[PDB]
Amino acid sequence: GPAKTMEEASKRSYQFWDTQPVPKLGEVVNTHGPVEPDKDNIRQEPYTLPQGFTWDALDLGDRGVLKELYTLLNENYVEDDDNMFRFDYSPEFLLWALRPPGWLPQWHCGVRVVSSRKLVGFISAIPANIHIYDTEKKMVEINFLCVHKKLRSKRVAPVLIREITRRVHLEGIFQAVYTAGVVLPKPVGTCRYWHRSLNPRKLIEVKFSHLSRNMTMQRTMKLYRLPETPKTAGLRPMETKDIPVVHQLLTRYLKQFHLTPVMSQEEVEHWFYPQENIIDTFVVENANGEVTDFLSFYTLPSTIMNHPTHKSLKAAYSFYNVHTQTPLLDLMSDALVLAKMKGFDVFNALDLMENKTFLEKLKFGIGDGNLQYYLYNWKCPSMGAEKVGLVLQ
């Protein structure tokens, strides 16, 4: 029974998470540092799976194996709390998220049925340098934990977690960062998703949103109408020549937050260079030819579970948005217009970084889902959403 608020979570016990190097939910933390020492001998044997299941590292460069992972996630990954929509990460998106600079094949950790070889579980790690308050640490980011619906509630997820932990330890890394919609010991920060309608007619039709407080449909479409072209002078897609200045802009901008990525220039290229239907980045190049701002959002459609025939909910997720000369409000207004132009139905953003300064003004509505941020084997004070400067996939 996963908890979604900390009031529900503070009641229950965590048989697995109590055994792990994370702070207790009750804890107020005032120190900064590891919970347990770096290990100088690591278990060489994989952890034991239930009878009939085996480990398999997934080579995603094999298109057949990538399709197997795509299918596992398409049928069993995260749903909304009403079981009406399920994320539909594309194979090309999965390659973007799972093969960044430094990726390792043993960190694409699958579980297969022994007799049929069917893929029924997965978890992944990717390397990341993380800045947390006054410390920079090489960590991994853990994502795409998924157990087949037919295999749920058999304690397979703790085995997946211990096994990726072991495989990361073997590479000399003893901290991780991750996000989840559920409350576990112990969030370092809690963010909330907000939603900006772009195609309100379709969102109402699929019951992603509802005609609120009796306005007509006519009145709703006019309320959410956007200009057909952006307003900021010099806005254009990011190009190869912009990689260094985007890296420079992002690095200085992120210093004001307390949990942030520390990206090399090669990582900036990976995470921001535009790729159709995966990642969009637009820069502002001013009258002097200098790039002074940039906006970015990634593509994440969702299956409509009750009518899986009726196309899909096309959503854009705000990524990193850096402003030094264009007002952030204007930059995000342009982000909405570009997402509308590109055929997105909704534009999603969290309330982290400086996002609360524009959410209400740009007619975002508050969502029903939280996003909790976590660190593994790092005990530090929690922080408000506006100090979180990290966006995962």
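Here the rigid core means the biggest group of C-alpha atoms that line up within 1.5 Å when the two forms are laid on top of each other. Counting begins at 1, following the sequence as shown.
Rigid core superposition in 8 other deposited structures of this protein puts the Cα atoms of one stretch, out of 68 to 76 and 214 to 222, farther from the shown form on average, and that stretch is 214 to 222.
Superposing the other copies on the rigid core and comparing 199 to 207 to 310 to 318, farther C-alpha placement in 8 other deposited structures of this protein marks 310 to 318. Higher mean CA B-factor, judged across 120 to 128 and 251 to 259 from the recorded values: 251 to 259. Mean CA temperature factor is higher for 199 to 207 when stretches 181 to 189 and 199 to 207 are set side by side in the entry.
Highest C-alpha temperature factor among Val346, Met353, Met341, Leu362, as the PDB entry reports it: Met341. You'll see in the entry that, of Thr240, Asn286, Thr309, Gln106, the Cα B factor peaks at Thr309.
Per the deposited record, the Cα B-factor of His32 falls in the middle third when ranked against the other modelled residues of its chain. In the deposited entry, the Cα temperature factor of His270 sits in the bottom third of values across the chain's modelled residues. When the modelled residues of the chain are ordered by C-alpha B-factor, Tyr14 sits in the highest third.
Among all modelled residues in its chain, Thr135 ranks in the highest third by Cα B-factor. Remark: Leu331 belongs to the highest third of its chain, ranked by C-alpha B-factor as recorded.
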